[PDB]
>>> print(open('query-v9.cif').read())   # mmCIF, C-alpha atoms and all ligand atoms
data_structure
loop_
_atom_site.group_PDB
_atom_site.id
_atom_site.type_symbol
_atom_site.label_atom_id
_atom_site.label_comp_id
_atom_site.auth_asym_id
_atom_site.auth_seq_id
_atom_site.Cartn_x
_atom_site.Cartn_y
_atom_site.Cartn_z
ATOM 1 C CA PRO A 50 0.000 0.000 0.000
ATOM 2 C CA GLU A 51 2.828 2.446 0.806
ATOM 3 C CA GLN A 52 4.484 1.767 -2.531
ATOM 4 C CA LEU A 53 1.068 2.230 -4.098
ATOM 5 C CA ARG A 54 0.721 5.624 -2.412
ATOM 6 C CA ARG A 55 4.214 6.481 -3.540
ATOM 7 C CA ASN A 56 3.314 5.377 -7.067
ATOM 8 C CA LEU A 57 0.023 7.315 -7.120
ATOM 9 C CA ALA A 58 2.254 10.175 -6.043
ATOM 10 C CA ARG A 59 4.017 9.721 -9.375
ATOM 11 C CA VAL A 60 0.581 9.536 -11.012
ATOM 12 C CA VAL A 61 -0.927 12.752 -9.605
ATOM 13 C CA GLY A 62 2.275 14.804 -9.533
ATOM 14 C CA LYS A 63 2.516 15.485 -5.810
ATOM 15 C CA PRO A 64 4.975 14.408 -3.157
ATOM 16 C CA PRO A 65 4.015 10.982 -1.690
ATOM 17 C CA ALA A 66 2.991 12.462 1.663
ATOM 18 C CA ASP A 67 0.373 14.740 0.087
ATOM 19 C CA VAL A 68 -1.399 12.208 -2.141
ATOM 20 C CA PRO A 69 -5.063 12.385 -1.134
ATOM 21 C CA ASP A 70 -5.997 9.590 1.286
ATOM 22 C CA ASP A 71 -9.282 8.992 -0.556
ATOM 23 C CA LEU A 72 -7.372 8.207 -3.760
ATOM 24 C CA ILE A 73 -5.205 5.604 -2.007
ATOM 25 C CA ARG A 74 -8.371 4.210 -0.419
ATOM 26 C CA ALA A 75 -10.226 4.076 -3.733
ATOM 27 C CA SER A 76 -7.211 2.416 -5.349
ATOM 28 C CA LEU A 77 -7.143 -0.204 -2.612
ATOM 29 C CA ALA A 78 -10.887 -0.742 -3.023
ATOM 30 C CA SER A 79 -10.480 -1.193 -6.784
ATOM 31 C CA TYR A 80 -7.624 -3.648 -6.163
ATOM 32 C CA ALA A 81 -9.740 -5.612 -3.699
ATOM 33 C CA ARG A 82 -12.510 -5.520 -6.286
ATOM 34 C CA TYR A 83 -10.139 -6.961 -8.862
ATOM 35 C CA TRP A 84 -9.326 -9.955 -6.680
ATOM 36 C CA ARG A 85 -12.896 -10.498 -5.539
ATOM 37 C CA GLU A 86 -14.013 -10.558 -9.164
ATOM 38 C CA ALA A 87 -11.067 -12.678 -10.275
ATOM 39 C CA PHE A 88 -12.050 -15.309 -7.728
ATOM 40 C CA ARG A 89 -15.585 -15.729 -9.061
ATOM 41 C CA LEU A 90 -15.180 -14.655 -12.688
ATOM 42 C CA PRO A 91 -14.792 -18.220 -14.092
ATOM 43 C CA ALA A 92 -18.213 -19.204 -12.681
ATOM 44 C CA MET A 93 -20.149 -16.197 -13.983
ATOM 45 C CA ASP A 94 -22.265 -16.235 -17.147
ATOM 46 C CA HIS A 95 -19.595 -15.250 -19.670
ATOM 47 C CA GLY A 96 -22.026 -15.079 -22.594
ATOM 48 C CA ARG A 97 -24.138 -12.519 -20.780
ATOM 49 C CA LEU A 98 -21.037 -10.570 -19.790
ATOM 50 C CA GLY A 99 -19.852 -10.735 -23.403
ATOM 51 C CA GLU A 100 -23.245 -9.530 -24.617
ATOM 52 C CA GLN A 101 -23.830 -6.772 -22.079
ATOM 53 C CA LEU A 102 -20.399 -5.142 -21.682
ATOM 54 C CA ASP A 103 -19.097 -2.819 -24.424
ATOM 55 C CA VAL A 104 -15.652 -1.775 -25.675
ATOM 56 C CA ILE A 105 -15.102 1.770 -26.934
ATOM 57 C CA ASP A 106 -13.712 1.908 -30.467
ATOM 58 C CA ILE A 107 -13.474 -1.874 -30.719
ATOM 59 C CA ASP A 108 -13.782 -1.421 -34.481
ATOM 60 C CA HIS A 109 -10.147 -0.411 -34.383
ATOM 61 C CA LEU A 110 -9.269 -3.993 -33.516
ATOM 62 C CA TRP A 111 -11.880 -5.638 -35.787
ATOM 63 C CA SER A 112 -10.689 -3.835 -38.885
ATOM 64 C CA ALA A 113 -7.196 -5.032 -38.075
ATOM 65 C CA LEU A 114 -8.517 -8.594 -37.994
ATOM 66 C CA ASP A 115 -10.437 -8.057 -41.229
ATOM 67 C CA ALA A 116 -7.248 -6.800 -42.923
ATOM 68 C CA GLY A 117 -5.527 -10.066 -42.031
ATOM 69 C CA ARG A 118 -2.717 -8.325 -40.128
ATOM 70 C CA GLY A 119 -3.211 -9.802 -36.660
ATOM 71 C CA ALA A 120 -2.999 -7.473 -33.648
ATOM 72 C CA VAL A 121 -1.078 -6.750 -30.441
ATOM 73 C CA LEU A 122 -3.152 -5.473 -27.509
ATOM 74 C CA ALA A 123 -0.914 -3.784 -24.942
ATOM 75 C CA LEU A 124 -2.420 -2.584 -21.645
ATOM 76 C CA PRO A 125 -1.439 -1.661 -18.082
ATOM 77 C CA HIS A 126 -2.579 -3.408 -14.881
ATOM 78 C CA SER A 127 -5.781 -1.383 -14.568
ATOM 79 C CA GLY A 128 -9.398 -2.406 -14.004
ATOM 80 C CA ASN A 129 -10.121 -6.064 -14.752
ATOM 81 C CA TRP A 130 -8.048 -7.251 -17.711
ATOM 82 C CA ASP A 131 -9.292 -10.813 -17.195
ATOM 83 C CA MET A 132 -12.789 -9.461 -17.817
ATOM 84 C CA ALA A 133 -11.546 -7.837 -21.006
ATOM 85 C CA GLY A 134 -10.090 -11.198 -21.892
ATOM 86 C CA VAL A 135 -13.485 -12.812 -21.348
ATOM 87 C CA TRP A 136 -15.114 -10.137 -23.506
ATOM 88 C CA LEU A 137 -12.629 -10.846 -26.264
ATOM 89 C CA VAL A 138 -13.032 -14.625 -25.919
ATOM 90 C CA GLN A 139 -16.777 -14.136 -26.279
ATOM 91 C CA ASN A 140 -16.731 -11.482 -29.007
ATOM 92 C CA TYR A 141 -13.817 -12.822 -31.072
ATOM 93 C CA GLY A 142 -12.503 -16.106 -29.691
ATOM 94 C CA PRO A 143 -9.562 -17.532 -27.718
ATOM 95 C CA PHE A 144 -6.357 -15.486 -27.759
ATOM 96 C CA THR A 145 -2.809 -15.935 -26.512
ATOM 97 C CA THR A 146 -1.004 -14.212 -23.665
ATOM 98 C CA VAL A 147 1.977 -14.850 -21.395
ATOM 99 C CA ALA A 148 2.434 -15.172 -17.654
ATOM 100 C CA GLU A 149 5.298 -14.992 -15.197
ATOM 101 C CA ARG A 150 6.094 -18.401 -13.707
ATOM 102 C CA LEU A 151 5.322 -17.590 -10.080
ATOM 103 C CA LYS A 152 6.551 -19.627 -7.129
ATOM 104 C CA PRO A 153 5.576 -22.169 -6.106
ATOM 105 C CA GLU A 154 4.978 -24.003 -9.392
ATOM 106 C CA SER A 155 1.703 -25.329 -7.956
ATOM 107 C CA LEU A 156 0.466 -21.765 -7.718
ATOM 108 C CA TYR A 157 1.607 -21.180 -11.287
ATOM 109 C CA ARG A 158 -0.468 -24.224 -12.224
ATOM 110 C CA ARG A 159 -3.384 -22.722 -10.298
ATOM 111 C CA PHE A 160 -3.156 -19.485 -12.313
ATOM 112 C CA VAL A 161 -2.750 -21.248 -15.654
ATOM 113 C CA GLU A 162 -5.786 -23.359 -14.830
ATOM 114 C CA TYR A 163 -7.633 -20.178 -13.852
ATOM 115 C CA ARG A 164 -7.013 -18.249 -17.084
ATOM 116 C CA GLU A 165 -7.402 -21.375 -19.210
ATOM 117 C CA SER A 166 -10.803 -21.771 -17.542
ATOM 118 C CA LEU A 167 -11.617 -18.291 -18.935
ATOM 119 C CA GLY A 168 -10.716 -19.549 -22.409
ATOM 120 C CA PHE A 169 -7.268 -18.006 -22.936
ATOM 121 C CA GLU A 170 -4.206 -19.769 -24.259
ATOM 122 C CA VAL A 171 -1.448 -19.064 -21.735
ATOM 123 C CA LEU A 172 2.242 -19.492 -22.530
ATOM 124 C CA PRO A 173 4.894 -19.868 -19.821
ATOM 125 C CA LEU A 174 7.454 -17.047 -20.088
ATOM 126 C CA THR A 175 10.132 -19.615 -19.188
ATOM 127 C CA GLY A 176 10.295 -23.409 -19.129
ATOM 128 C CA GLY A 177 7.807 -24.130 -21.888
ATOM 129 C CA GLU A 178 8.449 -26.494 -24.775
ATOM 130 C CA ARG A 179 9.336 -23.692 -27.190
ATOM 131 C CA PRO A 180 10.291 -19.976 -26.823
ATOM 132 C CA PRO A 181 7.126 -17.797 -26.278
ATOM 133 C CA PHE A 182 7.857 -15.058 -28.829
ATOM 134 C CA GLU A 183 7.840 -17.694 -31.530
ATOM 135 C CA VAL A 184 4.407 -18.957 -30.636
ATOM 136 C CA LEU A 185 3.251 -15.355 -30.294
ATOM 137 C CA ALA A 186 4.835 -14.325 -33.582
ATOM 138 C CA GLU A 187 3.143 -17.349 -35.135
ATOM 139 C CA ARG A 188 -0.208 -16.353 -33.620
ATOM 140 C CA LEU A 189 0.183 -12.853 -35.070
ATOM 141 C CA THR A 190 1.181 -14.156 -38.512
ATOM 142 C CA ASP A 191 -2.005 -16.268 -38.478
ATOM 143 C CA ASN A 192 -4.027 -13.045 -38.118
ATOM 144 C CA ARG A 193 -4.940 -13.498 -34.466
ATOM 145 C CA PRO A 194 -4.894 -11.059 -31.546
ATOM 146 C CA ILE A 195 -2.585 -11.425 -28.577
ATOM 147 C CA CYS A 196 -2.740 -9.583 -25.268
ATOM 148 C CA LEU A 197 0.287 -8.524 -23.225
ATOM 149 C CA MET A 198 0.521 -6.728 -19.894
ATOM 150 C CA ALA A 199 2.936 -4.072 -21.024
ATOM 151 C CA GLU A 200 3.738 -1.290 -18.515
ATOM 152 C CA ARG A 201 6.106 -3.228 -16.225
ATOM 153 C CA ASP A 202 9.262 -5.244 -16.841
ATOM 154 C CA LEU A 203 12.223 -4.407 -14.588
ATOM 155 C CA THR A 204 14.713 -6.916 -15.991
ATOM 156 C CA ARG A 205 17.858 -6.495 -18.081
ATOM 157 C CA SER A 206 15.849 -6.968 -21.268
ATOM 158 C CA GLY A 207 13.172 -4.446 -20.303
ATOM 159 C CA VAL A 208 13.095 -1.196 -22.275
ATOM 160 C CA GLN A 209 14.052 1.973 -20.401
ATOM 161 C CA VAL A 210 11.253 4.528 -20.827
ATOM 162 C CA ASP A 211 10.009 7.747 -19.233
ATOM 163 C CA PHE A 212 6.719 7.276 -17.381
ATOM 164 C CA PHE A 213 5.095 10.169 -15.515
ATOM 165 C CA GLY A 214 8.403 12.011 -15.805
ATOM 166 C CA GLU A 215 10.734 9.368 -14.344
ATOM 167 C CA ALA A 216 12.665 6.361 -15.629
ATOM 168 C CA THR A 217 11.047 2.927 -15.561
ATOM 169 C CA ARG A 218 11.375 -0.249 -17.623
ATOM 170 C CA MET A 219 8.676 -1.759 -19.853
ATOM 171 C CA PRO A 220 8.648 -5.038 -21.806
ATOM 172 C CA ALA A 221 9.877 -4.940 -25.397
ATOM 173 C CA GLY A 222 7.367 -7.528 -26.571
ATOM 174 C CA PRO A 223 4.605 -5.375 -28.010
ATOM 175 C CA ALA A 224 7.054 -3.421 -30.158
ATOM 176 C CA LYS A 225 9.279 -6.396 -31.035
ATOM 177 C CA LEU A 226 6.271 -8.498 -32.055
ATOM 178 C CA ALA A 227 4.694 -5.622 -33.981
ATOM 179 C CA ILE A 228 7.951 -4.879 -35.829
ATOM 180 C CA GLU A 229 8.640 -8.540 -36.570
ATOM 181 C CA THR A 230 5.124 -9.387 -37.759
ATOM 182 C CA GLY A 231 3.653 -6.093 -38.992
ATOM 183 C CA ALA A 232 0.742 -6.704 -36.625
ATOM 184 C CA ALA A 233 -1.190 -3.635 -35.503
ATOM 185 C CA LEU A 234 -0.139 -2.381 -32.074
ATOM 186 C CA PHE A 235 -3.249 -1.126 -30.274
ATOM 187 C CA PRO A 236 -2.934 0.408 -26.840
ATOM 188 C CA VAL A 237 -5.731 -0.749 -24.541
ATOM 189 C CA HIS A 238 -7.154 0.453 -21.250
ATOM 190 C CA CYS A 239 -9.471 -1.202 -18.766
ATOM 191 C CA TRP A 240 -10.963 0.553 -15.772
ATOM 192 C CA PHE A 241 -13.880 0.191 -13.370
ATOM 193 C CA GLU A 242 -16.980 2.047 -14.505
ATOM 194 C CA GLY A 243 -19.372 2.110 -11.571
ATOM 195 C CA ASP A 244 -20.554 -1.420 -10.845
ATOM 196 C CA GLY A 245 -19.524 -2.297 -14.397
ATOM 197 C CA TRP A 246 -16.363 -2.321 -16.490
ATOM 198 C CA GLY A 247 -14.936 0.293 -18.823
ATOM 199 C CA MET A 248 -12.711 -0.774 -21.703
ATOM 200 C CA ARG A 249 -11.318 1.037 -24.730
ATOM 201 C CA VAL A 250 -9.095 0.383 -27.743
ATOM 202 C CA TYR A 251 -6.909 3.295 -28.830
ATOM 203 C CA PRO A 252 -5.535 4.080 -32.334
ATOM 204 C CA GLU A 253 -2.633 1.810 -33.284
ATOM 205 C CA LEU A 254 0.923 3.005 -32.696
ATOM 206 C CA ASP A 255 3.113 3.837 -35.702
ATOM 207 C CA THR A 256 5.779 1.113 -36.036
ATOM 208 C CA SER A 257 7.413 2.623 -39.133
ATOM 209 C CA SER A 258 10.478 3.611 -37.098
ATOM 210 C CA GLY A 259 11.249 -0.019 -36.320
ATOM 211 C CA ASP A 260 12.656 1.290 -33.032
ATOM 212 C CA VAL A 261 11.486 -0.448 -29.872
ATOM 213 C CA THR A 262 12.379 2.413 -27.519
ATOM 214 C CA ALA A 263 10.459 5.253 -29.234
ATOM 215 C CA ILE A 264 7.434 3.051 -29.805
ATOM 216 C CA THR A 265 7.532 1.723 -26.268
ATOM 217 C CA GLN A 266 7.797 5.362 -25.208
ATOM 218 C CA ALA A 267 4.633 6.313 -27.151
ATOM 219 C CA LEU A 268 2.884 3.299 -25.673
ATOM 220 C CA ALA A 269 4.082 4.354 -22.240
ATOM 221 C CA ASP A 270 2.836 7.904 -22.855
ATOM 222 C CA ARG A 271 -0.609 6.590 -23.670
ATOM 223 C CA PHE A 272 -0.530 4.322 -20.635
ATOM 224 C CA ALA A 273 0.396 7.371 -18.564
ATOM 225 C CA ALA A 274 -2.514 9.373 -19.991
ATOM 226 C CA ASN A 275 -5.005 6.595 -19.428
ATOM 227 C CA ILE A 276 -3.771 5.896 -15.931
ATOM 228 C CA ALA A 277 -3.888 9.652 -15.372
ATOM 229 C CA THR A 278 -7.560 9.469 -16.351
ATOM 230 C CA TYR A 279 -8.416 6.644 -13.890
ATOM 231 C CA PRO A 280 -5.711 6.646 -11.200
ATOM 232 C CA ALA A 281 -7.735 4.629 -8.685
ATOM 233 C CA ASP A 282 -8.158 1.755 -11.138
ATOM 234 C CA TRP A 283 -4.437 1.189 -11.786
ATOM 235 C CA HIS A 284 -3.518 -1.282 -9.053
ATOM 236 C CA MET A 285 0.278 -1.229 -9.202
ATOM 237 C CA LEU A 286 1.181 -2.139 -5.621
ATOM 238 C CA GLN A 287 4.638 -3.345 -6.614
ATOM 239 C CA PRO A 288 7.590 -1.004 -7.298
ATOM 240 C CA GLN A 289 7.417 0.527 -10.782
ATOM 241 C CA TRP A 290 9.978 3.312 -11.189
ATOM 242 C CA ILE A 291 13.719 2.651 -11.249
ATOM 243 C CA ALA A 292 14.494 5.211 -8.546
ATOM 244 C CA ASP A 293 12.571 3.279 -5.879
ATOM 245 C CA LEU A 294 14.735 0.194 -6.362
ATOM 246 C CA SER A 295 17.582 -0.635 -3.992
ATOM 247 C CA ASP A 296 21.109 -0.408 -5.417
ATOM 248 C CA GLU A 297 21.194 -4.212 -5.517
ATOM 249 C CA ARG A 298 17.982 -4.410 -7.543
ATOM 250 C CA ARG A 299 19.128 -1.513 -9.715
ATOM 251 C CA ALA A 300 22.150 -3.668 -10.525
ATOM 252 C CA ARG A 301 20.364 -6.858 -11.629
ATOM 253 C CA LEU A 302 18.558 -4.955 -14.403
HETATM 254 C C1 LIG B 401 -10.394 -5.139 -25.010
HETATM 255 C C2 LIG B 401 -9.161 -5.836 -25.588
HETATM 256 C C3 LIG B 401 -8.988 -7.206 -24.929
HETATM 257 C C4 LIG B 401 -7.738 -7.199 -24.045
HETATM 258 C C5 LIG B 401 -7.643 -8.516 -23.266
HETATM 259 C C6 LIG B 401 -6.505 -8.414 -22.244
HETATM 260 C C7 LIG B 401 -6.348 -9.730 -21.471
HETATM 261 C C8 LIG B 401 -4.970 -9.749 -20.802
HETATM 262 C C9 LIG B 401 -4.865 -10.904 -19.796
HETATM 263 C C10 LIG B 401 -3.394 -11.327 -19.661
HETATM 264 C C11 LIG B 401 -3.010 -11.536 -18.189
HETATM 265 C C12 LIG B 401 -1.481 -11.492 -18.053
HETATM 266 C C13 LIG B 401 -1.057 -11.549 -16.579
HETATM 267 C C14 LIG B 401 0.235 -10.741 -16.372
HETATM 268 C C15 LIG B 401 1.370 -11.310 -17.236
HETATM 269 C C16 LIG B 401 2.429 -10.230 -17.516
HETATM 270 S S1 LIG B 401 4.019 -10.839 -18.014
HETATM 271 C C17 LIG B 401 4.523 -9.608 -19.278
HETATM 272 C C18 LIG B 401 5.186 -10.249 -20.510
HETATM 273 N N1 LIG B 401 5.970 -9.256 -21.266
HETATM 274 C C19 LIG B 401 6.614 -9.564 -22.408
HETATM 275 O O1 LIG B 401 7.278 -8.765 -23.067
HETATM 276 C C20 LIG B 401 6.478 -11.012 -22.877
HETATM 277 C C21 LIG B 401 7.423 -11.239 -24.062
HETATM 278 N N2 LIG B 401 8.721 -11.739 -23.581
HETATM 279 C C22 LIG B 401 9.834 -11.654 -24.324
HETATM 280 O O2 LIG B 401 9.856 -11.153 -25.447
HETATM 281 C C23 LIG B 401 11.101 -12.238 -23.661
HETATM 282 O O3 LIG B 401 11.058 -13.668 -23.713
HETATM 283 C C24 LIG B 401 12.392 -11.741 -24.337
HETATM 284 C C25 LIG B 401 12.487 -12.293 -25.764
HETATM 285 C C26 LIG B 401 12.408 -10.210 -24.373
HETATM 286 C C27 LIG B 401 13.612 -12.217 -23.541
HETATM 287 O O4 LIG B 401 14.763 -11.500 -24.005
HETATM 288 P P1 LIG B 401 16.259 -11.880 -23.540
HETATM 289 O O5 LIG B 401 16.203 -12.860 -22.434
HETATM 290 O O6 LIG B 401 17.005 -10.621 -23.357
HETATM 291 O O7 LIG B 401 16.836 -12.641 -24.848
HETATM 292 P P2 LIG B 401 18.103 -12.104 -25.706
HETATM 293 O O8 LIG B 401 17.591 -11.370 -26.888
HETATM 294 O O9 LIG B 401 19.094 -11.454 -24.822
HETATM 295 O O10 LIG B 401 18.760 -13.512 -26.182
HETATM 296 C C28 LIG B 401 18.162 -14.774 -25.831
HETATM 297 C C29 LIG B 401 17.051 -15.064 -26.837
HETATM 298 O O11 LIG B 401 17.069 -13.991 -27.767
HETATM 299 C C30 LIG B 401 16.064 -14.471 -28.639
HETATM 300 N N3 LIG B 401 15.953 -13.622 -29.819
HETATM 301 C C31 LIG B 401 16.944 -12.945 -30.386
HETATM 302 N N4 LIG B 401 16.441 -12.308 -31.437
HETATM 303 C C32 LIG B 401 15.144 -12.600 -31.518
HETATM 304 C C33 LIG B 401 14.204 -12.222 -32.381
HETATM 305 N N5 LIG B 401 14.589 -11.402 -33.354
HETATM 306 N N6 LIG B 401 12.939 -12.645 -32.272
HETATM 307 C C34 LIG B 401 12.610 -13.506 -31.226
HETATM 308 N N7 LIG B 401 13.605 -13.887 -30.337
HETATM 309 C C35 LIG B 401 14.846 -13.422 -30.513
HETATM 310 C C36 LIG B 401 16.598 -15.840 -29.023
HETATM 311 O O12 LIG B 401 15.494 -16.732 -29.271
HETATM 312 C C37 LIG B 401 17.403 -16.216 -27.779
HETATM 313 O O13 LIG B 401 17.021 -17.513 -27.262
HETATM 314 P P3 LIG B 401 17.406 -18.871 -28.025
HETATM 315 O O14 LIG B 401 17.086 -18.580 -29.443
HETATM 316 O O15 LIG B 401 16.521 -19.872 -27.416
HETATM 317 O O16 LIG B 401 18.839 -19.014 -27.746
#
>>> encode(input="query-v9.cif", output="structure tokens", more="lines below")
Ligand SMILES: CCCCCCCCCCCCCCCCSCCNC(=O)CCNC(=O)[C@@H](O)C(C)(C)COP(=O)(O)OP(=O)(O)OC[C@H]1O[C@@H](n2cnc3c(N)ncnc32)[C@H](O)[C@@H]1OP(=O)(O)O
Amino acid sequence: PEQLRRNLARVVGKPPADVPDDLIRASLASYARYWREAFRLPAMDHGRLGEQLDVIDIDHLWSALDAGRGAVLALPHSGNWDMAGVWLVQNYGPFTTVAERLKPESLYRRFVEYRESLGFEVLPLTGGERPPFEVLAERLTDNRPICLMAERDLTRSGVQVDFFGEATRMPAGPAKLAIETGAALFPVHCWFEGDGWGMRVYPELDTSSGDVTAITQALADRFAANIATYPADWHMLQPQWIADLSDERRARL
């Protein structure tokens, strides 16, 4: 929660101590909401949810699928992305994503089972039969959408980007995959809209530069704007910016 307050501090442009309490509270409530919904989501009526929820400017994505190009959906950890996944499973069909191999492995199996029970194809980031960005590239070249959580990746291979005015690292995947396949790179946002769910697809990012860092920066900028729009719905309770890392963690990346 303290790191969350310190992160919202980045979000609202105030020192951590002055971030309104109500915002931190609302962010914690949205986070709790995420987990409460995640618990029960697999047992809900997905058809109904698919029929009754809407996505703003979804036609962006559809036209990409009609043009045979495939598509990369990159979004931050805001709202309920699993719900978005359900909406896409219901409105388009199964899609592919990737997940960190948490510890213990039994918990990883729990999560895989969970998302697979929502209808997603989930690739292990490490330890799978084949390398993930080959299956993903193959999914994209077959004109299918993939979804990637794309605002956090503090490893050596993560891309250094500016985010709310300070240095962080984001995964290279959306840009790498888009460059390699020509697939449309749509930013996405999910947030909580009252007792319902708000979701939107944004205009695709230009990949003509073929440069992962600029593109990841544009993506980051959009993420920053969308998070700026719904700060309480971005549950990033883990460290995000490089400056909040210890010297030992700053080293590993
Ligand atoms: C409303 C819309 C609906 C939206 C629905 C949303 C639903 C979302 C739900 C999803 C829930 C998710 C939960 C949260 C999960 C978040 S995890 C975030 C994942 N982020 C990623 O970017 C995933 C992609 N990961 C990768 O790309 C990594 O595997 C990479 C490739 C970056 C690792 O890089 P590296 O370790 O630095 O590799 P190197 O380039 O240093 O060299 C090693 C590998 O390079 C690879 N490589 C080099 N060039 C190349 C080369 N051009 N294309 C390939 N791969 C090469 C090469 O394969 C080689 O391996 P080898 O071939 O086996 O020896």
>>> residues_near_ligand(input="query-v9.cif", ligand="ligand LIG 401 (chain B)", cutoff="7 Å", atoms="all atoms listed in the file", output="PyMOL selection string")
chain A and resi 104+122+130-131+133-134+136-137+146-149+174+180-183+196-199+202+205-206+220-223+237+248-250
>>> atom_distance(input="query-v9.cif", atom1="CA of residue 273 in chain A", atom2="CA of residue 80 in chain A")
18.4 Å
>>> closest_residue(input="query-v9.cif", among="A:296, A:52, A:274, A:245", to="residue 103 in chain A", atoms="only C-alpha atoms")
A:245
>>> atom_distance(input="query-v9.cif", atom1="CA of residue 173 in chain A", atom2="CA of residue 194 in chain A")
17.6 Å
>>> axis_aligned_box(input="query-v9.cif", around="range 254-263 of chain A", padding_each_side="3 Å", output="JSON")
{"center_x": 6.8, "center_y": 2.4, "center_z": -33.3, "size_x": 17.7, "size_y": 11.7, "size_z": 17.6}
>>> closest_residue(input="query-v9.cif", among="A:254, A:123, A:102, A:92", to="residue 200 in chain A", atoms="only C-alpha atoms")
A:123
>>> atom_distance(input="query-v9.cif", atom1="CA of residue 85 in chain A", atom2="CA of residue 101 in chain A")
20.2 Å
>>> resolve_selection(input="query-v9.cif", expression="the PyMOL selection byres (((chain A and resi 108-119) around 7) and not hetatm)", output="PyMOL selection string")
chain A and resi 106-107+120+189-194+231-233+250+252
>>> residues_around(input="query-v9.cif", residues="residue 300 in chain A", least_positions_apart="3", cutoff="12 Å", atoms="all atoms listed in the file", output="NGL selection string")
:A and (203-205 or 291-292 or 294-297)
>>> write_last_selection(input="query-v9.cif", atoms="C-alpha atoms", output="PDB file, keeping the file's coordinate frame")
ATOM      1  CA  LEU A 203      12.223  -4.407 -14.588  1.00  0.00           C
ATOM      2  CA  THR A 204      14.713  -6.916 -15.991  1.00  0.00           C
ATOM      3  CA  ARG A 205      17.858  -6.495 -18.081  1.00  0.00           C
ATOM      4  CA  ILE A 291      13.719   2.651 -11.249  1.00  0.00           C
ATOM      5  CA  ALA A 292      14.494   5.211  -8.546  1.00  0.00           C
ATOM      6  CA  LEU A 294      14.735   0.194  -6.362  1.00  0.00           C
ATOM      7  CA  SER A 295      17.582  -0.635  -3.992  1.00  0.00           C
ATOM      8  CA  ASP A 296      21.109  -0.408  -5.417  1.00  0.00           C
ATOM      9  CA  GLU A 297      21.194  -4.212  -5.517  1.00  0.00           C
TER      10      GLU A 297
END
>>> closest_residue(input="query-v9.cif", among="A:210, A:228, A:151, A:216", to="residue 265 in chain A", atoms="only C-alpha atoms")
A:210
>>> resolve_selection(input="query-v9.cif", expression="the PyMOL selection byres (((chain A and resi 266) around 10) and not hetatm)", output="list in words")
residues 208, 209, 210, 211, 212, 219, 261, 262, 263, 264, 265, 267, 268, 269, 270, 271 and 272 of chain A
>>> closest_residue(input="query-v9.cif", among="A:224, A:171, A:239, A:73", to="residue 260 in chain A", atoms="only C-alpha atoms")
A:224
>>> resolve_selection(input="query-v9.cif", expression="the PyMOL selection byres (((chain A and resi 278-281) around 7) and not hetatm)", output="PyMOL selection string")
chain A and resi 60+72+75-76+79+240+274-277+282-283
>>> closest_residue(input="query-v9.cif", among="A:81, A:298, A:90, A:150", to="residue 177 in chain A", atoms="only C-alpha atoms")
A:150
>>> closest_residue(input="query-v9.cif", among="A:213, A:145, A:218, A:67", to="residue 187 in chain A", atoms="all atoms listed in the file")
A:145
>>> build_atoms(input="query-v9.cif", residues="range 59-70 of chain A", atoms="N, CA and C atoms", output="PDB file, in the coordinates of the input")
ATOM      1  N   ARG A  59       3.412   9.518  -8.069  1.00  0.00           N
ATOM      2  CA  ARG A  59       4.017   9.721  -9.375  1.00  0.00           C
ATOM      3  C   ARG A  59       2.865  10.104 -10.299  1.00  0.00           C
ATOM      4  N   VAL A  60       1.759   9.373 -10.149  1.00  0.00           N
ATOM      5  CA  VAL A  60       0.581   9.536 -11.012  1.00  0.00           C
ATOM      6  C   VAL A  60      -0.084  10.912 -10.966  1.00  0.00           C
ATOM      7  N   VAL A  61      -0.197  11.493  -9.774  1.00  0.00           N
ATOM      8  CA  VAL A  61      -0.927  12.752  -9.605  1.00  0.00           C
ATOM      9  C   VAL A  61       0.005  13.965  -9.538  1.00  0.00           C
ATOM     10  N   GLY A  62       1.310  13.720  -9.510  1.00  0.00           N
ATOM     11  CA  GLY A  62       2.275  14.804  -9.533  1.00  0.00           C
ATOM     12  C   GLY A  62       2.358  15.595  -8.245  1.00  0.00           C
ATOM     13  N   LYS A  63       2.434  14.877  -7.131  1.00  0.00           N
ATOM     14  CA  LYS A  63       2.516  15.485  -5.810  1.00  0.00           C
ATOM     15  C   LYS A  63       3.521  14.673  -5.014  1.00  0.00           C
ATOM     16  N   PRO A  64       4.124  15.273  -3.978  1.00  0.00           N
ATOM     17  CA  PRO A  64       4.975  14.408  -3.157  1.00  0.00           C
ATOM     18  C   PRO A  64       4.150  13.315  -2.475  1.00  0.00           C
ATOM     19  N   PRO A  65       4.741  12.129  -2.252  1.00  0.00           N
ATOM     20  CA  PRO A  65       4.015  10.982  -1.690  1.00  0.00           C
ATOM     21  C   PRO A  65       3.173  11.287  -0.456  1.00  0.00           C
ATOM     22  N   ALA A  66       3.682  12.148   0.418  1.00  0.00           N
ATOM     23  CA  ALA A  66       2.991  12.462   1.663  1.00  0.00           C
ATOM     24  C   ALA A  66       1.673  13.203   1.452  1.00  0.00           C
ATOM     25  N   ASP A  67       1.544  13.899   0.324  1.00  0.00           N
ATOM     26  CA  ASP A  67       0.373  14.740   0.087  1.00  0.00           C
ATOM     27  C   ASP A  67      -0.672  14.107  -0.826  1.00  0.00           C
ATOM     28  N   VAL A  68      -0.423  12.887  -1.295  1.00  0.00           N
ATOM     29  CA  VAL A  68      -1.399  12.208  -2.141  1.00  0.00           C
ATOM     30  C   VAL A  68      -2.698  12.014  -1.369  1.00  0.00           C
ATOM     31  N   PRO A  69      -3.837  12.459  -1.934  1.00  0.00           N
ATOM     32  CA  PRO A  69      -5.063  12.385  -1.134  1.00  0.00           C
ATOM     33  C   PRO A  69      -5.340  10.968  -0.636  1.00  0.00           C
ATOM     34  N   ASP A  70      -5.682  10.861   0.639  1.00  0.00           N
ATOM     35  CA  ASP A  70      -5.997   9.590   1.286  1.00  0.00           C
ATOM     36  C   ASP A  70      -7.100   8.825   0.549  1.00  0.00           C
TER      37      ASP A  70
END
